[PDB]
Amino acid sequence: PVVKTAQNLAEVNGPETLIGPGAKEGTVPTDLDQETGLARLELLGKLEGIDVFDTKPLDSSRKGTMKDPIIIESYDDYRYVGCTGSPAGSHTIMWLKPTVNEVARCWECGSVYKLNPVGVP
Amino acid sequence: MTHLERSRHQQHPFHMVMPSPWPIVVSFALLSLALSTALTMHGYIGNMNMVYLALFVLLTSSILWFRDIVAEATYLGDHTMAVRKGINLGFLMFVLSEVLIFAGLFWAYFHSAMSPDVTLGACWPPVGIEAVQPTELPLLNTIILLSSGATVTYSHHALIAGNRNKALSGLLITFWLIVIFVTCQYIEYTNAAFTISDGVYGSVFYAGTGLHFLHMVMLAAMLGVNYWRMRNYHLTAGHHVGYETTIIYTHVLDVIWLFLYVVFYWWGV
Amino acid sequence: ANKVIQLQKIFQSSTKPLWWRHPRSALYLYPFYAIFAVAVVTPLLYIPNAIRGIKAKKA
Amino acid sequence: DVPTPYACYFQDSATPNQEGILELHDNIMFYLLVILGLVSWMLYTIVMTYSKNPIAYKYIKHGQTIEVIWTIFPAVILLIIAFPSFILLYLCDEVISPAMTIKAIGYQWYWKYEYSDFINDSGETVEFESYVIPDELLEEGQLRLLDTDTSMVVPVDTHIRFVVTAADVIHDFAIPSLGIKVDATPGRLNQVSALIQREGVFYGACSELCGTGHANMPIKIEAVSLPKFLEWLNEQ
Amino acid sequence: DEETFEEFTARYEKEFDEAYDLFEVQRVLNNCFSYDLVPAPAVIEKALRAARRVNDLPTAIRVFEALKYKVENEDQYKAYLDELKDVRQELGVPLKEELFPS
Amino acid sequence: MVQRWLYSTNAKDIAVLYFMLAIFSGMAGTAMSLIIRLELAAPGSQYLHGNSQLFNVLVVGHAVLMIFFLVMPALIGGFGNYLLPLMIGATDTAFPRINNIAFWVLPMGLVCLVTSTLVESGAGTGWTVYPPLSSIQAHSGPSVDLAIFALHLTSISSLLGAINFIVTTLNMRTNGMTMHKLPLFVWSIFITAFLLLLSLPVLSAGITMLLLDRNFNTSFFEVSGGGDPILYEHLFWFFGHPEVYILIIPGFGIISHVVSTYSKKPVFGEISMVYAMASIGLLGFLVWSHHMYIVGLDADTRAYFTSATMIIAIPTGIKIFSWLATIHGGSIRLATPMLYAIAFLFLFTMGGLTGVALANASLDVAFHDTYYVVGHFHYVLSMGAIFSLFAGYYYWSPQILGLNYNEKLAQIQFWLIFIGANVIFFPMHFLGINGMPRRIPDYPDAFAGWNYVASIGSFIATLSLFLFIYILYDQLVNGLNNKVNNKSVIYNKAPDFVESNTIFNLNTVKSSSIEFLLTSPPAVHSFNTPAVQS
Amino acid sequence: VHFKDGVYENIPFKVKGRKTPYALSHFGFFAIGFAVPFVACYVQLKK
Amino acid sequence: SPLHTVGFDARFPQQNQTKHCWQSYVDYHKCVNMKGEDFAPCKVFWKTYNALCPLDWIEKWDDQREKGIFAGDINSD
Amino acid sequence: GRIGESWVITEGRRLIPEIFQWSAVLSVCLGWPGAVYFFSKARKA
Amino acid sequence: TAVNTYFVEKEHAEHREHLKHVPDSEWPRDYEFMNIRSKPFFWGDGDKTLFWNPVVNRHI
Amino acid sequence: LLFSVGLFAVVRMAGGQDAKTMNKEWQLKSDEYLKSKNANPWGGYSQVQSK
Ligand code: HEA
Ligand code: HEA
Ligand SMILES: [Cu+2]
């Protein structure tokens, strides 16, 4: 109903519940709590050390065998991940379709994958 | 809760848009305009008021979409860094297409440098073809336009820096200069240089100047829309999606005007 | 200002189309297109109905 | 001359320029033929050999030898197919004393050729139209859809210039037999020096749409000797 | 193209060493046949040892058929003869004499 | 249907509309070109009693519909907005309103052309609109204006599509993909968007100038005042030469994709692939005046232009050699997309080398504006537009909709259409090489037999197209019965010849594009978590 | 928008309904495709 | 022409001769319209405009001189 | 130990049937226009 | 630059004021650029052109 | 193929032929005039192509 500080990212309920109070005359408001849209979720996070849409590749070096298959974090039922060898680019681009119950393998790479979603009710 | 909604609306900067009738209605407006013009200029019915109303309603729909494209940026928000970069790149490619239009206009007569052809022209400068030349006639306005752009570019820089009373002063100066420019454009409404009867050399210059008289109107419309928005104070010094557009437009239009003034004025004379 | 936050809260509470800004404008503009453009496109093919049929057959 | 029915090669030559064009054409087509044969046979043998291949060689990516081979071969191939074009352009475009100059204007669905280089009785400029004879009003023994009431004449073993222009719409001066093809701009002139070494009748129609009635565009060129040309000029 | 046989050979035997099931056997054998490198008798013996470890005789039949027809290699036969007989009679996986007359 | 389709804002739900408009327009245009060939079978007014203006208007309609309203809407937009957002993995492309306004601005162009043909005025000056033949001096009435607005709206839709393509592929590309691992079709559409952006405005400006000259009682290119149409021809060809590359390059992308996925082996130097494509795109602008050697330019200008053409030819040869390398030394399953690809590699290459041969500066004296040039471009258009679209459809239809097609029907359709196209287009080189002109309903009495064989080939081609639409119907009505029985292939990549069939159950379809790894088409806003590549 | 299973919802057709057994729709599509050449020929001349 | 007018042409080495008639006509019209007694200074390029140049250009220039609006750029003499 | 080939024998016995078939395919693909030329009344036959 | 441009415009560039009234007997030595057939007039009233500025030429 | 050729044949039969040429006498007159003018000597003087 009124202004919301939303100084912390763990106290915001409703993406549109925050507009971001500004200033009419005087000086420019600080780029902390005066942004309309979900843009604060990334700007304040990277202001305090939280990133959005990480581009970090998975553990390419590890082959992910039966003992220790690699772990991917995705709460969805399905996932789109794959392997390109221990280095960045080794073989032809290829990726798998992990599922919640069963597993999938990388064929020529032999990199066995696994789907790990967060617990849901 | 927070993680799931963050992932489900993070990489999705597109609203679940309602059954928007904008495409069909705008397409219908364009088709009606086209067929009505075709029927009016050479056809069976020469009525003018109805096609004028068709143009008016097309402009109303365009203004409605254009005000929404910035109202939903602040009132609805729901934007990230990527979508801001995309919108800015879209405006850049739009102004690049406009620059390509201007380059085509220039090349329509700028390829005759050393007279490679034989007849129907091929003489730079066109000696003998001396009507009231549209060259050097509006330079009294071009110089003041350069001065105004120079004095308002840094004012708009201070705008985007602070968005304060200095920004209001810069906006007022811009309104005054665009009003002066539209006044001096309309003062040369009918008798600016000449009419097209014979010897088409400055007539192409007149047409090229005339057809670009809508970009300044668009700039004024955006400035007025932003003025109304900030009078409503919906837009703070935050997601200024229109301030960036106007500063990039004023930073490219001065450059293109400089390029226009480089030649076509002191070249060949 | 003093109406941005309340307006956003009401719009979020009432998830309805038409965006609440111009209902009268929408109701004014909706019938105008049908009244004008349809009635101006009908003559385009209604008038040449008698004109149509020019076979121009020669032999 | 007349387009030979069921033909699959160029028309009969009439001038050294046209036969030089033909020579350049066949010289180019030789290398184009060898290239197309190479690629077609490669395709055929690939599809007819590896269609039964059980296991695919999937770890071959570099191929440096073939890379350099077909990176350096096209350059010299293009140079050796372009040199004859350059030399033929140099030889043919040589304006070596065009001895005759006549007007050739593409009017609205007809031609009105004006002969100003020569005269008829005393200093006057000879000009006449070229109207295609209607199909229904055809006289027996003529060529359908093309033959004209009156056409143009030209001396043999001489040099001629065709001054091409237009009146309202762009036309085309398309005479493949005589090796001349220059556009008919509405206001801009063009000079082409056509030298003829062979007698005969050379046909032609405008290779540019002239609106609607362009299905009948008569351009008939008749070659005569010097005494015959003098007799025609005296008659005209 | 000046690639040593020994490194990839040793990789093949070492991957055969920890062949838990037939999937890695299949992938390694397919990769080995993928190159123009005609398999050595030693690597084929190691592959058959892995196949006996995983207990799937069809893998042995398939690899024997692959050895019989993998590359033309100028239609060499006696090399194929020895490379098949040594690994047939080394331990015994009798499979060729049945699919052929059927 | 209006609540979700006529008011749509979803890229997936509008790609199918793109396809439907494409197929309907193609069927109509093939019928009208069938007619056009049918009055060309024998000399005289066999079916068109006089009125050559109608013949010219039908020719213009055929050319414009195939060029701007058939395939450019099909492969650029329809395939682009169904693959590029899907291959990227982003849930939705930015601003689908752009796609919707681009799509919905098509049909009124169709109705304005059909009524422009309907009126007695007609647009019979060719699909090129060279002045003064299209002005009030020659052609009055609204046909010219309607055609001009049609091309304007098509250009606007193309610009919007290119905008969406660029923003989606550059602003929110998925994290795993980077500059050095981007697939090929998207690179093709990106270069296409760049060329489209640099090509559209000059056409828009020039054609607006013609409209203003026709209306404002002035003339900038017409001689009526001192203008010269050479400038307009410069501008029009400056637009036109990029356009063929615009329509052809995504065909290169899809063909490379299918040969990569069917040869079981990777591409041959994808860096070389994108180098060739980018070189072609950038080099297309050096020949702005190469299409009008007949004008009478200087010898140096002609030499520079022919040098530019022969330079342009080289990257195409590099790409052809690359495809040959991809196909060489690999297993091949002779399915119908391979048939289309091989027909491309043959006939497109032969036509392109013929065009390169003609690309001599002084060789337009023999072929320009004759039947030779129509034999030239009919080849490459048919290979890279008709056959490319066929390959894409038969390569994605079983998954993008879940519906398979009768393999025997597909094979016979390919054979019919291939033989028809060959027997139609081959004789026209013989027609042109003699020197017969273009754009005439009636012709001299020399090449009646070649026109007759062309006509019977046209009937063969239209029978093939009817079989194709019957195949479409059967797929749409009998998909579930065809999947269960042996009427169609359900796995395009057969297992490697070492691998057992029971283990193959978990290795169904694995390739270099995500859309093949998806399930049956899910909800439009799929991909809750963006795909990441390690 | 998420209320569609994704089987036949991607096409503006409908198996359900005796109004059109996928024949009238295809007949109409054939008709509209053949309309433009036929009507274009007919308005100024014979078919 | 009796198969012998000039023989070898070496006026302009490059092939294209688009800008050739103006230079070969300005001197002719100047010498003709200055003295008219002896044409010896311009007696070497008789054929450069009669047959080596489009006579349509020549007749257009003559009509323009009659009407006083010359295509080229010369003085009033 | 150079068993069998002698590249020439197998190479010829494979290529020559293939080359002959390819040449025959080209001969037919260029003789069908010739077949039309013959069957059509080119010489009033 | 502005002040010298104004000075040069007011010095010799103001001669176009009297160009409207000029006899058709001392035209500059122009060429085929003009004096050619023009578009027929169907719509409009003012001197066969949209803008009533009879100043460019004295030939109709 | 047989459907295509059959429907082409029937549509051409329905359309009919209305050319006042292509008959033998026209071709013979044409080649007689060509021999009189001696055009295309090293080619084909005969242009018949039909009854
Ligand atoms: C896609 C491009 C395309 C296609 C398919 C065609 C198809 C055909 N074209 Fe045309 N044509 C052009 C592009 C095309 N053309 C262009 C650009 C011109 C320039 C005009 C000019 O030069 O002035 C032209 C001009 C042109 C002329 C010049 C006429 C004249 O000189 O005035 C002729 C003459 O017969 C002709 C014939 C044909 C014939 C017999 C077919 C037949 O093949 C029709 C059968 C069609 C094909 C075999 C392709 C299949 C098409 C489909 C749509 C299948 C539908 C299914 C899918 C698309 C999924 N075309
Ligand atoms: C699909 C559309 C398309 C495509 C792909 C092409 C491809 C090419 N075109 Fe064509 N063209 C048209 C559509 C197209 N064209 C149209 C519509 C016209 C106008 C007709 C009209 O106006 O009516 C036209 C006209 C046209 C002309 C003018 C002729 C005219 O009057 O019509 C020229 C000549 O410069 C030309 C050249 C080329 C070249 C060099 C290619 C090349 O890109 C071909 C690509 C293929 C390769 C070149 C294969 C690779 C070669 C090798 C294997 C290397 C061998 C040689 C070397 C050693 C380098 N085209
Ligand atoms: Cu080109």
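Chain D uses Swiss-Prot numbers throughout; the residues present, in order, are 16-251.
Technique stated in the header: electron microscopy, 3.2 Å.
From the backbone N, Cα and C atoms, a Cβ is placed for every residue, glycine too.
Swiss-Prot annotations:
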- D:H186, D:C221, D:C225, D:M232: Cu cation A1 binding site (BINDING)
- D:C221, D:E223, D:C225, D:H229: Cu cation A2 binding site (BINDING)
- D:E223: Mg(2+) binding site (BINDING)
- D:16-30: topological domain 'Mitochondrial intermembrane' (TOPO_DOM)
- D:109-251: topological domain 'Mitochondrial intermembrane' (TOPO_DOM)
- D:31-64: transmembrane segment (TRANSMEM)
- D:79-108: transmembrane segment (TRANSMEM)
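Every protein chain considered, the tally of other Cβ atoms within 10 Å of the Cβ of D:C225 (Cu cation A1 binding site) stands at 26. In this structure, of the binding-site residues D:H186, D:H229, the smallest number of CB atoms within 10 A of the CB marks D:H229.
Helix, strand and coil content of the topological domain 'Mitochondrial intermembrane' (D:109-251), in residues and according to DSSP, is 10 helix, 54 strand, 79 coil. Listed in sequence order, the residues of the same chain lying 6 or more apart from D:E223 (Cu cation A2 binding site) and placing their CB within less than 8 Å of its CB are D:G121, D:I185, D:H186, D:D187, D:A189, D:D198, D:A199, D:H229. Beyond the transmembrane segment (D:79-108), the same-chain residues lying 6 or more positions past its ends with a Cβ under 8 Å from any Cβ of the stretch are 32, 35-36, 38-39, 42-43, 46, 50, 194. In sequence order, D:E223, D:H229 are the binding-site residues among D:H186, D:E223, D:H229 whose C-beta falls under 8 Å from a C-beta of chain F.
Under 8 Å from some Cβ of the topological domain 'Mitochondrial intermembrane' (D:16-30) lie the Cβ atoms of residues 37, 40, 158, 191-194, 209-213, 215-218, 238, all in the same chain and six or more residues away from its ends. In the shown protein chains, 26 other C-beta atoms lie within 10 A of the C-beta of D:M232 (Cu cation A1 binding site). Compute the center of the Cβ atoms of D:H186, D:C221, D:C225, D:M232, which mark the site for Cu cation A1; besides them, the chain residues with Cβ within 8 Å of that center are D:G121, D:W124, D:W126, D:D187, D:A199, D:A220, D:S222, D:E223, D:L224, D:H229.
Listed in sequence order, the residues of the same chain lying 6 or more apart from D:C221 (Cu cation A1 binding site) and placing their CB within less than 8 Å of its CB are D:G121, D:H186, D:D187, D:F188, D:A189, D:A199, D:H229, D:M232, D:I234.
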